[PDB]
file query-v2.cif (mmCIF, C-alpha atoms; chains and numbers go by the auth columns)
data_input
loop_
_atom_site.group_PDB
_atom_site.id
_atom_site.type_symbol
_atom_site.label_atom_id
_atom_site.label_comp_id
_atom_site.label_asym_id
_atom_site.label_seq_id
_atom_site.Cartn_x
_atom_site.Cartn_y
_atom_site.Cartn_z
_atom_site.B_iso_or_equiv
_atom_site.auth_seq_id
_atom_site.auth_asym_id
ATOM 1 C CA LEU A 1 -24.867 14.552 -11.475 0.00 1 R
ATOM 2 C CA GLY A 2 -25.538 10.895 -10.652 0.00 2 R
ATOM 3 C CA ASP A 3 -28.233 10.696 -13.330 0.00 3 R
ATOM 4 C CA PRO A 4 -28.301 7.309 -15.118 0.00 4 R
ATOM 5 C CA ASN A 5 -29.579 9.108 -18.233 0.00 5 R
ATOM 6 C CA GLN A 6 -26.790 11.699 -18.328 0.00 6 R
ATOM 7 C CA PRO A 7 -23.527 10.796 -20.105 0.00 7 R
ATOM 8 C CA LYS A 8 -20.283 10.003 -18.322 0.00 8 R
ATOM 9 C CA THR A 9 -18.027 13.021 -17.783 0.00 9 R
ATOM 10 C CA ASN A 10 -14.781 13.926 -16.035 0.00 10 R
ATOM 11 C CA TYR A 11 -15.004 13.518 -12.257 0.00 11 R
ATOM 12 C CA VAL A 12 -12.422 14.306 -9.568 0.00 12 R
ATOM 13 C CA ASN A 13 -12.684 12.008 -6.535 0.00 13 R
ATOM 14 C CA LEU A 14 -11.403 14.259 -3.759 0.00 14 R
ATOM 15 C CA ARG A 15 -12.001 11.515 -1.175 0.00 15 R
ATOM 16 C CA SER A 16 -9.226 9.434 -2.786 0.00 16 R
ATOM 17 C CA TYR A 17 -6.501 12.097 -2.641 0.00 17 R
ATOM 18 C CA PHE A 18 -3.594 12.246 -0.184 0.00 18 R
ATOM 19 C CA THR A 19 -5.569 13.474 2.799 0.00 19 R
ATOM 20 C CA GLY A 20 -5.426 11.886 6.227 0.00 20 R
ATOM 21 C CA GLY A 21 -9.125 11.116 6.085 0.00 21 R
ATOM 22 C CA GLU A 22 -9.910 14.748 6.896 0.00 22 R
ATOM 23 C CA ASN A 23 -12.881 16.581 5.431 0.00 23 R
ATOM 24 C CA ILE A 24 -12.442 19.243 2.750 0.00 24 R
ATOM 25 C CA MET A 25 -14.000 22.575 3.684 0.00 25 R
ATOM 26 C CA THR A 26 -16.339 24.494 1.391 0.00 26 R
ATOM 27 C CA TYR A 27 -16.124 28.244 0.743 0.00 27 R
ATOM 28 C CA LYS A 28 -12.378 28.044 1.421 0.00 28 R
ATOM 29 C CA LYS A 29 -9.386 28.040 -0.907 0.00 29 R
ATOM 30 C CA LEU A 30 -9.491 25.281 -3.527 0.00 30 R
ATOM 31 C CA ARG A 31 -7.455 24.961 -6.729 0.00 31 R
ATOM 32 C CA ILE A 32 -7.632 22.233 -9.380 0.00 32 R
ATOM 33 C CA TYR A 33 -4.967 21.869 -12.083 0.00 33 R
ATOM 34 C CA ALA A 34 -5.499 19.980 -15.341 0.00 34 R
ATOM 35 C CA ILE A 35 -2.291 18.236 -16.419 0.00 35 R
ATOM 36 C CA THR A 36 -1.888 17.692 -20.150 0.00 36 R
ATOM 37 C CA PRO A 37 -0.055 14.645 -21.543 0.00 37 R
ATOM 38 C CA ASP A 38 2.790 17.082 -22.320 0.00 38 R
ATOM 39 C CA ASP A 39 3.377 17.563 -18.554 0.00 39 R
ATOM 40 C CA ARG A 40 1.749 21.009 -18.764 0.00 40 R
ATOM 41 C CA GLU A 41 -0.718 22.073 -16.078 0.00 41 R
ATOM 42 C CA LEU A 42 -3.455 24.704 -16.235 0.00 42 R
ATOM 43 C CA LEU A 43 -5.484 26.391 -13.491 0.00 43 R
ATOM 44 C CA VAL A 44 -8.946 25.326 -14.644 0.00 44 R
ATOM 45 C CA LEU A 45 -10.744 25.917 -11.330 0.00 45 R
ATOM 46 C CA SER A 46 -10.375 28.464 -8.537 0.00 46 R
ATOM 47 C CA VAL A 47 -12.621 28.879 -5.487 0.00 47 R
ATOM 48 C CA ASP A 48 -11.977 31.430 -2.744 0.00 48 R
ATOM 49 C CA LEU B 1 25.160 24.717 -52.236 0.00 1 Y
ATOM 50 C CA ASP B 2 23.650 21.528 -53.647 0.00 2 Y
ATOM 51 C CA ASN B 3 21.084 18.811 -52.884 0.00 3 Y
ATOM 52 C CA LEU B 4 18.713 20.603 -50.524 0.00 4 Y
ATOM 53 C CA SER B 5 15.959 18.420 -49.081 0.00 5 Y
ATOM 54 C CA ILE B 6 13.409 18.230 -46.270 0.00 6 Y
ATOM 55 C CA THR B 7 12.837 14.803 -44.714 0.00 7 Y
ATOM 56 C CA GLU B 8 10.618 13.348 -42.020 0.00 8 Y
ATOM 57 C CA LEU B 9 12.427 11.656 -39.143 0.00 9 Y
ATOM 58 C CA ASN B 10 10.936 8.994 -36.856 0.00 10 Y
ATOM 59 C CA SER B 11 12.337 7.984 -33.457 0.00 11 Y
ATOM 60 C CA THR B 12 10.431 6.751 -30.390 0.00 12 Y
ATOM 61 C CA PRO B 13 12.599 6.225 -27.299 0.00 13 Y
ATOM 62 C CA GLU B 14 10.406 6.392 -24.187 0.00 14 Y
ATOM 63 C CA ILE B 15 12.422 5.784 -21.003 0.00 15 Y
ATOM 64 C CA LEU B 16 15.545 3.738 -21.892 0.00 16 Y
ATOM 65 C CA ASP B 17 16.217 3.237 -18.158 0.00 17 Y
ATOM 66 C CA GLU B 18 14.606 1.926 -14.982 0.00 18 Y
ATOM 67 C CA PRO B 19 14.934 3.094 -11.368 0.00 19 Y
ATOM 68 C CA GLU B 20 17.152 1.310 -8.876 0.00 20 Y
ATOM 69 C CA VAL B 21 15.793 -0.558 -5.865 0.00 21 Y
ATOM 70 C CA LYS B 22 17.058 2.143 -3.452 0.00 22 Y
ATOM 71 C CA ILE B 23 16.506 0.308 -0.180 0.00 23 Y
ATOM 72 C CA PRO B 24 15.473 2.789 2.542 0.00 24 Y
ATOM 73 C CA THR B 25 17.657 3.871 5.424 0.00 25 Y
ATOM 74 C CA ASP B 26 16.557 3.363 9.023 0.00 26 Y
ATOM 75 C CA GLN B 27 15.591 7.027 9.410 0.00 27 Y
ATOM 76 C CA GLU B 28 13.341 6.883 6.340 0.00 28 Y
ATOM 77 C CA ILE B 29 11.713 3.703 7.662 0.00 29 Y
ATOM 78 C CA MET B 30 11.066 5.432 10.988 0.00 30 Y
ATOM 79 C CA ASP B 31 9.611 8.548 9.347 0.00 31 Y
ATOM 80 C CA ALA B 32 7.362 6.390 7.155 0.00 32 Y
ATOM 81 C CA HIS B 33 5.526 5.295 10.332 0.00 33 Y
ATOM 82 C CA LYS B 34 5.227 8.757 11.895 0.00 34 Y
ATOM 83 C CA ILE B 35 1.527 9.180 11.018 0.00 35 Y
ATOM 84 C CA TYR B 36 -0.815 6.469 12.275 0.00 36 Y
ATOM 85 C CA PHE B 37 -4.356 5.728 13.414 0.00 37 Y
ATOM 86 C CA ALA B 38 -5.555 3.314 16.096 0.00 38 Y
ATOM 87 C CA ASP B 39 -8.568 1.133 15.315 0.00 39 Y
ATOM 88 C CA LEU B 40 -10.690 1.019 18.470 0.00 40 Y
ATOM 89 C CA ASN B 41 -13.510 -1.168 19.758 0.00 41 Y
ATOM 90 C CA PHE B 42 -16.308 0.555 21.691 0.00 42 Y
ATOM 91 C CA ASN B 43 -19.079 -1.768 22.677 0.00 43 Y
ATOM 92 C CA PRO B 44 -20.929 0.460 25.140 0.00 44 Y
ATOM 93 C CA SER B 45 -21.208 -0.911 28.652 0.00 45 Y
ATOM 94 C CA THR B 46 -18.863 1.405 30.625 0.00 46 Y
ATOM 95 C CA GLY B 47 -16.351 3.183 28.362 0.00 47 Y
ATOM 96 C CA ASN B 48 -14.653 0.027 27.087 0.00 48 Y
ATOM 97 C CA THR B 49 -12.624 1.660 24.247 0.00 49 Y
ATOM 98 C CA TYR B 50 -10.228 -1.206 23.547 0.00 50 Y
ATOM 99 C CA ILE B 51 -7.738 -1.351 20.673 0.00 51 Y
ATOM 100 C CA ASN B 52 -8.512 -3.489 17.616 0.00 52 Y
ATOM 101 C CA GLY B 53 -5.657 -2.617 15.251 0.00 53 Y
ATOM 102 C CA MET B 54 -3.190 -0.011 14.061 0.00 54 Y
ATOM 103 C CA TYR B 55 -3.097 1.810 10.723 0.00 55 Y
ATOM 104 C CA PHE B 56 -0.149 3.565 9.086 0.00 56 Y
ATOM 105 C CA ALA B 57 -1.263 6.433 6.877 0.00 57 Y
ATOM 106 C CA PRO B 58 0.204 6.635 3.351 0.00 58 Y
ATOM 107 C CA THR B 59 1.879 9.859 2.270 0.00 59 Y
ATOM 108 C CA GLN B 60 3.453 11.114 -0.950 0.00 60 Y
ATOM 109 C CA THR B 61 6.933 9.936 0.102 0.00 61 Y
ATOM 110 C CA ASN B 62 6.656 6.811 2.293 0.00 62 Y
ATOM 111 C CA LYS B 63 5.445 4.274 -0.297 0.00 63 Y
ATOM 112 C CA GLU B 64 8.759 2.493 -0.882 0.00 64 Y
ATOM 113 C CA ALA B 65 9.557 2.475 2.842 0.00 65 Y
ATOM 114 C CA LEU B 66 6.133 1.100 3.785 0.00 66 Y
ATOM 115 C CA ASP B 67 6.257 -1.682 1.194 0.00 67 Y
ATOM 116 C CA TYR B 68 9.762 -2.573 2.428 0.00 68 Y
ATOM 117 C CA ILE B 69 8.484 -3.575 5.889 0.00 69 Y
ATOM 118 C CA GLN B 70 6.471 -6.599 6.971 0.00 70 Y
ATOM 119 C CA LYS B 71 6.463 -8.808 10.084 0.00 71 Y
ATOM 120 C CA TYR B 72 5.629 -6.276 12.775 0.00 72 Y
ATOM 121 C CA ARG B 73 6.482 -7.345 16.331 0.00 73 Y
ATOM 122 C CA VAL B 74 4.188 -6.009 19.058 0.00 74 Y
ATOM 123 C CA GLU B 75 4.618 -5.695 22.828 0.00 75 Y
ATOM 124 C CA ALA B 76 1.327 -4.540 24.366 0.00 76 Y
ATOM 125 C CA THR B 77 -0.433 -4.598 27.739 0.00 77 Y
ATOM 126 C CA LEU B 78 -3.357 -6.989 28.136 0.00 78 Y
ATOM 127 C CA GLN B 79 -6.405 -6.363 30.309 0.00 79 Y
ATOM 128 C CA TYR B 80 -5.506 -8.965 32.957 0.00 80 Y
ATOM 129 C CA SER B 81 -1.851 -9.695 32.197 0.00 81 Y
ATOM 130 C CA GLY B 82 0.802 -6.984 32.248 0.00 82 Y
ATOM 131 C CA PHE B 83 3.167 -5.708 29.590 0.00 83 Y
ATOM 132 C CA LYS B 84 4.406 -8.625 27.499 0.00 84 Y
ATOM 133 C CA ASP B 85 5.437 -9.675 24.012 0.00 85 Y
ATOM 134 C CA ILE B 86 2.613 -11.083 21.895 0.00 86 Y
ATOM 135 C CA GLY B 87 4.598 -12.480 18.975 0.00 87 Y
ATOM 136 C CA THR B 88 5.332 -11.503 15.390 0.00 88 Y
ATOM 137 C CA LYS B 89 2.896 -11.570 12.460 0.00 89 Y
ATOM 138 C CA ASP B 90 2.801 -10.400 8.856 0.00 90 Y
ATOM 139 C CA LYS B 91 1.046 -7.184 7.855 0.00 91 Y
ATOM 140 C CA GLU B 92 -2.423 -7.066 6.303 0.00 92 Y
ATOM 141 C CA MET B 93 -2.622 -4.167 3.784 0.00 93 Y
ATOM 142 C CA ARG B 94 -6.105 -2.816 4.474 0.00 94 Y
ATOM 143 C CA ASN B 95 -7.710 0.350 3.139 0.00 95 Y
ATOM 144 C CA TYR B 96 -6.803 3.384 5.228 0.00 96 Y
ATOM 145 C CA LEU B 97 -9.370 4.146 7.962 0.00 97 Y
ATOM 146 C CA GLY B 98 -11.696 1.605 6.347 0.00 98 Y
ATOM 147 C CA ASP B 99 -12.564 4.079 3.586 0.00 99 Y
ATOM 148 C CA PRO B 100 -13.281 2.392 0.226 0.00 100 Y
ATOM 149 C CA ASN B 101 -11.731 5.430 -1.483 0.00 101 Y
ATOM 150 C CA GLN B 102 -8.447 5.652 0.427 0.00 102 Y
ATOM 151 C CA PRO B 103 -5.569 3.436 -0.768 0.00 103 Y
ATOM 152 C CA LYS B 104 -4.345 0.265 0.888 0.00 104 Y
ATOM 153 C CA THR B 105 -1.716 0.795 3.584 0.00 105 Y
ATOM 154 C CA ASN B 106 0.045 -1.259 6.238 0.00 106 Y
ATOM 155 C CA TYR B 107 -2.329 -2.568 8.904 0.00 107 Y
ATOM 156 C CA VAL B 108 -1.316 -4.235 12.170 0.00 108 Y
ATOM 157 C CA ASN B 109 -4.131 -6.569 13.253 0.00 109 Y
ATOM 158 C CA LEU B 110 -3.619 -6.707 17.014 0.00 110 Y
ATOM 159 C CA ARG B 111 -6.487 -9.190 17.436 0.00 111 Y
ATOM 160 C CA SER B 112 -4.548 -11.912 15.581 0.00 112 Y
ATOM 161 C CA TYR B 113 -1.474 -11.811 17.838 0.00 113 Y
ATOM 162 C CA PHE B 114 -0.634 -14.206 20.666 0.00 114 Y
ATOM 163 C CA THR B 115 -3.059 -12.776 23.193 0.00 115 Y
ATOM 164 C CA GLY B 116 -5.129 -15.085 25.355 0.00 116 Y
ATOM 165 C CA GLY B 117 -8.225 -13.529 23.841 0.00 117 Y
ATOM 166 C CA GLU B 118 -7.875 -10.511 26.129 0.00 118 Y
ATOM 167 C CA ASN B 119 -8.381 -6.976 24.875 0.00 119 Y
ATOM 168 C CA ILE B 120 -5.459 -4.562 24.569 0.00 120 Y
ATOM 169 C CA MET B 121 -5.812 -1.546 26.842 0.00 121 Y
ATOM 170 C CA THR B 122 -5.696 2.056 25.664 0.00 122 Y
ATOM 171 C CA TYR B 123 -3.345 4.695 27.088 0.00 123 Y
ATOM 172 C CA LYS B 124 -0.937 2.043 28.387 0.00 124 Y
ATOM 173 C CA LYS B 125 2.477 0.776 27.299 0.00 125 Y
ATOM 174 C CA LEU B 126 2.574 -0.311 23.653 0.00 126 Y
ATOM 175 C CA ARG B 127 5.612 -1.028 21.472 0.00 127 Y
ATOM 176 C CA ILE B 128 5.633 -1.952 17.778 0.00 128 Y
ATOM 177 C CA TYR B 129 8.891 -2.951 16.070 0.00 129 Y
ATOM 178 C CA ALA B 130 9.197 -2.937 12.290 0.00 130 Y
ATOM 179 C CA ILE B 131 11.261 -5.905 11.091 0.00 131 Y
ATOM 180 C CA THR B 132 13.213 -5.452 7.861 0.00 132 Y
ATOM 181 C CA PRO B 133 14.199 -8.256 5.472 0.00 133 Y
ATOM 182 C CA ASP B 134 17.680 -7.698 6.955 0.00 134 Y
ATOM 183 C CA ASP B 135 16.393 -9.221 10.234 0.00 135 Y
ATOM 184 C CA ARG B 136 16.863 -5.939 12.146 0.00 136 Y
ATOM 185 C CA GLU B 137 13.978 -4.527 14.178 0.00 137 Y
ATOM 186 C CA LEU B 138 13.303 -0.802 14.553 0.00 138 Y
ATOM 187 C CA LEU B 139 10.960 0.747 17.121 0.00 139 Y
ATOM 188 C CA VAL B 140 8.482 2.720 15.003 0.00 140 Y
ATOM 189 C CA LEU B 141 5.768 3.506 17.571 0.00 141 Y
ATOM 190 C CA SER B 142 5.913 4.147 21.319 0.00 142 Y
ATOM 191 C CA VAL B 143 2.880 4.704 23.548 0.00 143 Y
ATOM 192 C CA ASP B 144 3.326 5.054 27.306 0.00 144 Y
ATOM 193 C CA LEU C 1 9.327 -5.907 -27.336 0.00 1 F
ATOM 194 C CA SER C 2 7.306 -6.478 -24.184 0.00 2 F
ATOM 195 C CA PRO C 3 7.415 -9.853 -22.399 0.00 3 F
ATOM 196 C CA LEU C 4 4.831 -12.504 -23.187 0.00 4 F
ATOM 197 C CA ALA C 5 2.050 -13.264 -20.711 0.00 5 F
ATOM 198 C CA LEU C 6 1.479 -16.680 -19.122 0.00 6 F
ATOM 199 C CA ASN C 7 -1.925 -16.862 -17.427 0.00 7 F
ATOM 200 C CA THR C 8 -3.444 -20.251 -18.356 0.00 8 F
ATOM 201 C CA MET C 9 -2.715 -23.763 -17.108 0.00 9 F
ATOM 202 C CA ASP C 10 -4.939 -25.985 -19.267 0.00 10 F
ATOM 203 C CA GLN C 11 -3.952 -27.448 -22.624 0.00 11 F
ATOM 204 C CA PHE C 12 -6.304 -25.226 -24.656 0.00 12 F
ATOM 205 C CA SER C 13 -5.594 -21.901 -22.872 0.00 13 F
ATOM 206 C CA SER C 14 -9.056 -21.523 -21.357 0.00 14 F
ATOM 207 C CA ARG C 15 -8.476 -21.933 -17.592 0.00 15 F
ATOM 208 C CA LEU C 16 -6.740 -19.287 -15.493 0.00 16 F
ATOM 209 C CA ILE C 17 -4.256 -19.963 -12.684 0.00 17 F
ATOM 210 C CA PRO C 18 -5.903 -19.693 -9.224 0.00 18 F
ATOM 211 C CA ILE C 19 -4.503 -19.181 -5.710 0.00 19 F
ATOM 212 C CA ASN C 20 -5.947 -19.765 -2.243 0.00 20 F
ATOM 213 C CA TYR C 21 -7.001 -17.261 0.401 0.00 21 F
ATOM 214 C CA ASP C 22 -3.849 -17.849 2.463 0.00 22 F
ATOM 215 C CA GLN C 23 -1.583 -17.551 -0.585 0.00 23 F
ATOM 216 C CA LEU C 24 -3.312 -14.275 -1.463 0.00 24 F
ATOM 217 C CA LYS C 25 -2.758 -13.044 2.103 0.00 25 F
ATOM 218 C CA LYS C 26 0.921 -13.977 1.808 0.00 26 F
ATOM 219 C CA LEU C 27 1.082 -11.955 -1.412 0.00 27 F
ATOM 220 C CA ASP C 28 -0.536 -9.024 0.417 0.00 28 F
ATOM 221 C CA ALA C 29 2.269 -9.232 3.007 0.00 29 F
ATOM 222 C CA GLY C 30 4.964 -8.524 0.399 0.00 30 F
ATOM 223 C CA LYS C 31 6.133 -12.070 -0.333 0.00 31 F
ATOM 224 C CA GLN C 32 7.163 -12.712 -3.931 0.00 32 F
ATOM 225 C CA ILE C 33 6.534 -15.653 -6.252 0.00 33 F
ATOM 226 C CA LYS C 34 9.604 -17.057 -7.975 0.00 34 F
ATOM 227 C CA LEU C 35 9.706 -18.836 -11.334 0.00 35 F
ATOM 228 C CA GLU C 36 11.841 -21.920 -12.015 0.00 36 F
ATOM 229 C CA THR C 37 12.332 -23.444 -15.448 0.00 37 F
ATOM 230 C CA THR C 38 12.554 -27.231 -15.154 0.00 38 F
ATOM 231 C CA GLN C 39 12.725 -28.325 -18.802 0.00 39 F
ATOM 232 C CA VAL C 40 12.402 -26.957 -22.331 0.00 40 F
ATOM 233 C CA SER C 41 11.032 -28.730 -25.407 0.00 41 F
ATOM 234 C CA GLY C 42 12.259 -27.749 -28.851 0.00 42 F
ATOM 235 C CA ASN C 43 13.140 -28.837 -32.358 0.00 43 F
ATOM 236 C CA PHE C 44 16.206 -28.838 -34.596 0.00 44 F
ATOM 237 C CA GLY C 45 16.437 -28.601 -38.379 0.00 45 F
ATOM 238 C CA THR C 46 17.788 -31.065 -40.939 0.00 46 F
ATOM 239 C CA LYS C 47 17.638 -31.595 -44.716 0.00 47 F
ATOM 240 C CA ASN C 48 15.098 -33.972 -46.252 0.00 48 F
#

call {"tool": "encode", "arguments": {"input": "query-v2.cif", "output": "structure tokens"}}
result
Amino acid sequence: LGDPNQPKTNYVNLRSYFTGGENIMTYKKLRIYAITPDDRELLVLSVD
Amino acid sequence: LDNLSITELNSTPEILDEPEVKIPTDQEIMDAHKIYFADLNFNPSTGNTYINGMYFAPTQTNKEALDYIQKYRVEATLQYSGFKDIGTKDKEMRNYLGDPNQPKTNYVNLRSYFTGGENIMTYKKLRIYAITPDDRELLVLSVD
Amino acid sequence: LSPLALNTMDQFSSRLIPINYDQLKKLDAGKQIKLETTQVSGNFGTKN
């Protein structure tokens, strides 16, 4: 949450992904997959 | 039956091979430059909107084709002069759109070319030729 | 085994190898640095 007191946690920088500089809309479809070291992916987040 | 046993086995081969160079074809080089952005200069007096430079957006497929190309040759139209060649220069590899988060991609700095200090007009003739290490130039952007 | 790293130029391995601004710009343009071996120093074995 940007708190200096809070510990460091997993963060996904969506601004660094393969977009053409376009904005990412809220309250639209959005899926995030967590890829294990064993090349296995899991749907850990879904927003519709 | 005889001599039944269970043993641990240890073997750690990771890759055992490396990819080839796989130099791109001309069509791949041309498609690597299909998406682009024009860096503009707008100091407001009366709609100046002059070109500063040219980006080439990175995709999920054009990495090896974009890193294969340097030495872009530009033919643009100056404010006072007409359409003319302005030389050949190496690329610059700036962050895409100036975003600190976006990766570094090919950048054509049109202010460093052989202009007489004149701005480069928008919506006029503009040709950029990608030059391969094989000394062959390919037209990768046409604006008329 | 992985190759050994060479990143110091002083006799005591305390000073890194620098490059200029223009050399860095050349590297950013895709140019590659070659390596040339000029001489090798070594020893041979005998019986005392």

call {"tool": "atom_distance", "arguments": {"input": "query-v2.cif", "atom1": "CA of residue 44 (chain R)", "atom2": "CA of residue 29 (chain R)"}}
result
14.0 Å

call {"tool": "resolve_selection", "arguments": {"input": "query-v2.cif", "expression": "the PyMOL selection byres ((chain F) within 12 of (chain Y))", "output": "PyMOL selection string"}}
result
chain F and resi 22+24-31

call {"tool": "interface_residues", "arguments": {"input": "query-v2.cif", "of": "chain R", "to": "chain Y", "cutoff": "12 Å", "atoms": "all atoms listed in the file", "output": "list in words"}}
result
residues 13, 14, 15, 16, 17, 18, 19, 20, 21 and 22 of chain R

call {"tool": "atom_distance", "arguments": {"input": "query-v2.cif", "atom1": "CA of residue 73 (chain Y)", "atom2": "CA of residue 23 (chain F)"}}
result
21.3 Å

call {"tool": "resolve_selection", "arguments": {"input": "query-v2.cif", "expression": "the PyMOL selection byres ((chain R and resi 45) around 8)", "output": "PyMOL selection string"}}
result
chain R and resi 30-33+43-44+46-47

call {"tool": "write_last_selection", "arguments": {"input": "query-v2.cif", "atoms": "C-alpha atoms", "output": "mmCIF file, keeping the file's coordinate frame"}}
result
data_model
loop_
_atom_site.group_PDB
_atom_site.id
_atom_site.type_symbol
_atom_site.label_atom_id
_atom_site.label_comp_id
_atom_site.auth_asym_id
_atom_site.auth_seq_id
_atom_site.Cartn_x
_atom_site.Cartn_y
_atom_site.Cartn_z
ATOM 1 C CA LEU R 30 -9.491 25.281 -3.527
ATOM 2 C CA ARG R 31 -7.455 24.961 -6.729
ATOM 3 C CA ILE R 32 -7.632 22.233 -9.380
ATOM 4 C CA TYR R 33 -4.967 21.869 -12.083
ATOM 5 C CA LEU R 43 -5.484 26.391 -13.491
ATOM 6 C CA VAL R 44 -8.946 25.326 -14.644
ATOM 7 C CA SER R 46 -10.375 28.464 -8.537
ATOM 8 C CA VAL R 47 -12.621 28.879 -5.487
#

call {"tool": "resolve_selection", "arguments": {"input": "query-v2.cif", "expression": "the PyMOL selection byres ((chain Y and resi 29) around 12)", "output": "PyMOL selection string"}}
result
chain Y and resi 23-28+30-34+56+61-70+129-132+136-141

call {"tool": "atom_distance", "arguments": {"input": "query-v2.cif", "atom1": "CA of residue 55 (chain Y)", "atom2": "CA of residue 88 (chain Y)"}}
result
16.4 Å

call {"tool": "axis_aligned_box", "arguments": {"input": "query-v2.cif", "around": "region 87-96 of chain Y", "padding_each_side": "3 Å", "output": "AutoDock Vina command-line options"}}
result
--center_x -1.2 --center_y -4.5 --center_z 11.1 --size_x 19.0 --size_y 21.9 --size_z 21.8
